[PDB]
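Engineer: One structure coming up, written as structure tokens, with questions to follow.
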Amino acid sequence: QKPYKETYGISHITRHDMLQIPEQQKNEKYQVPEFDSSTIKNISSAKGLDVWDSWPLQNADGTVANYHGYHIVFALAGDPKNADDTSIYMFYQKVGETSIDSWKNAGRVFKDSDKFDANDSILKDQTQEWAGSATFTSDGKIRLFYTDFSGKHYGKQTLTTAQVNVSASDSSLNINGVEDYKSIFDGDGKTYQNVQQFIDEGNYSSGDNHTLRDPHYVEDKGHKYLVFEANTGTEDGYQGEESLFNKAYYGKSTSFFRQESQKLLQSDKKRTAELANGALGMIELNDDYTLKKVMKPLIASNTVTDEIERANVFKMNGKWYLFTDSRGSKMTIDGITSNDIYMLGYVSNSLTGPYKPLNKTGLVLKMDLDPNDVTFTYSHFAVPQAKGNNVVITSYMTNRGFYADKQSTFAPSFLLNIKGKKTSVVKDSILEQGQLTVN
Ligand SMILES: [Ca+2]
């Protein structure tokens, strides 16, 4: 077929941009820090469990929250030897502490008995509790969103939520039970990808990747949304051979494309490309947290890579930032090796409109450390603060399943300066093994 530049009304991750990221990502303003291991210890509260991808119960706008003189958190958490055992436990601390050991673990959020009591068709096939957000409601409640996926229906990722009825005490914090347990979204097909269309390619064999996870809860003018990791559906320009001919996914200029589109496909990977069709997405909710509108995705990684992960977004010092973590490993951009790993940033004047990379590449943070390294760190998450130009970068250290007395723990959070549309790792800011703040 011939050339077309169509941007579908939304922004995208041009490849051009993604092509400076091999030169620019060598500047240290943009580089996660070498951490010290003689420091890193594991989690008391957890108990030999591995613990990665985590979120903090936060407020309306971004900031961590005070649910009763208490800092709270939400991690994936598994039996190290089980690559299919995922579950959302709930660690939590006091609100004046920093120390890793300040983190009592409150137990698996959910009862095995739960998926059923729920009354959610899609929910009784759930076989793994993946990641999301956790707001904290104006009427003092705990509202959780997370990934409802199942390895039985081909890895269908679904949009799930629940309130976390729970009681607090001057010293501890237990979990009575949960309610308002329902699944919101499973993909709509024209705009995002539902597990049916991933099966039409054969499913996994096909080679293509299906993701619908990490709903970030936020709100602007009292409208409260969910922004996630996804894949372009079938109208918001979609994965295909066709795919590679739209100049919207190259950017820079025509004639640029003509080289790249050419290279390319003359690739060793025309394909890993045609199928890479990912996105950070949007949808609206009702105060009962039911889907209200499916909205246009906020961005697409069209051709670069089919799996943007751990999506974020929030207003800070007046403008809207938005993010994501992703594995260079799984992208098609020369000079971005399989050791590469990232968090990316886009900004806009308005939550829903139009996100131009930060740093001019939307590169904000790169990380390479060999996988065996004890200081590997994945999922870096940009936590907003009351004010200041810094936000706190969280992550989980050390890989799930590698060492045998070393376990998916919290790697030291740290700092990051952001102002305007430029960021910069703040030099020498390593805070505590999990600090969610600074105050
Ligand atoms: Ca895909």
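In order, the residues displayed for chain A correspond to 34-472 in Swiss-Prot numbering, which applies throughout.
Method on record in the header is X-ray crystallography, 3.2 Å.
Keep in mind that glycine also has a Cβ here, set from the backbone N, Cα and C atoms.
Feature annotation from Swiss-Prot assigns active site, nucleophile to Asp86. Feature annotation from Swiss-Prot assigns active site, proton donor/acceptor to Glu342. The feature Ca(2+) binding site is assigned by Swiss-Prot to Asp241, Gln272, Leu308, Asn310, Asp339, with experimental evidence given as support. The annotation site 'Transition state stabilizer' is assigned in Swiss-Prot to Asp247 on the grounds of a curator's inference.
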Engineer: Of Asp241, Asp247, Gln272, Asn310, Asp339, listed as recorded positions, which ones have a Cβ less than 6 Å away from ligand 1?
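Structural biologist: Passing the 6 Å Cβ check against ligand 1: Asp241, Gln272, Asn310, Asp339.
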Engineer: If you measure from the Cα of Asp241 (Ca(2+) binding site), which of the recorded positions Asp86, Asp247, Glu342 is the nearest?
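Structural biologist: Minimum Cα distance from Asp241 (Ca(2+) binding site) across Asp86, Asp247, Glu342 lands on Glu342.
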Engineer: What are the sequence-distant neighbours of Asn310 (Ca(2+) binding site), meaning same chain, six or more residues apart, C-beta distance under 8 angstroms?
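Structural biologist: For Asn310 (Ca(2+) binding site), the qualifying residues are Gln226, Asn264, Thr265, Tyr271, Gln272, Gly273, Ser276, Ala333, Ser334, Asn335, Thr336, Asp339.
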Engineer: Around the Cβ of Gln272 (Ca(2+) binding site), how many other Cβ atoms lie within 10 Å? Please give the count over every shown protein chain.
Structural biologist: 24
Engineer: Which whole-number value in Å describes the distance between the Cα atoms of the residue listed as 'active site, nucleophile' and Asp247 (site 'Transition state stabilizer')?
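Structural biologist: Counting only the Cα atoms, the answer is 10 Å.
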Engineer: Using a 10 Å cut-off, grab the number of neighbouring Cβ atoms around the Cβ of the residue listed as 'active site, nucleophile', all chains included.
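Structural biologist: Taking every protein chain into account, the count is 28.
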Engineer: When you measure from the Cβ of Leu308 (Ca(2+) binding site), which residues in the chain that are at least 6 apart have a Cβ under 8 Å away?
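Structural biologist: When sequence neighbours closer than 6 are ignored, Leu308 (Ca(2+) binding site) has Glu234, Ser239, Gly240, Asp241, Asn242, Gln272, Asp339 within Cβ distance under 8 Å.
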Engineer: State the count of C-beta atoms found within 10 angstroms of the C-beta of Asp247 (site 'Transition state stabilizer'), not counting that atom itself.
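Structural biologist: For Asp247 (site 'Transition state stabilizer'), the count of other Cβ atoms within 10 Å is 31.
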Engineer: Around the Ca(2+) site (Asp241, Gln272, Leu308, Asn310, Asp339), what further same-chain residues have their C-beta within 8 angstroms of the site's C-beta centre?
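Structural biologist: Result: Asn242, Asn264, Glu307, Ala309, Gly311.
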Engineer: Rounded to a whole angstrom, what is the C-alpha distance between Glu342 (active site, proton donor/acceptor) and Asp247 (site 'Transition state stabilizer')?
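Structural biologist: Per the Cα atoms, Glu342 (active site, proton donor/acceptor) and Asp247 (site 'Transition state stabilizer') stand 7 Å apart.
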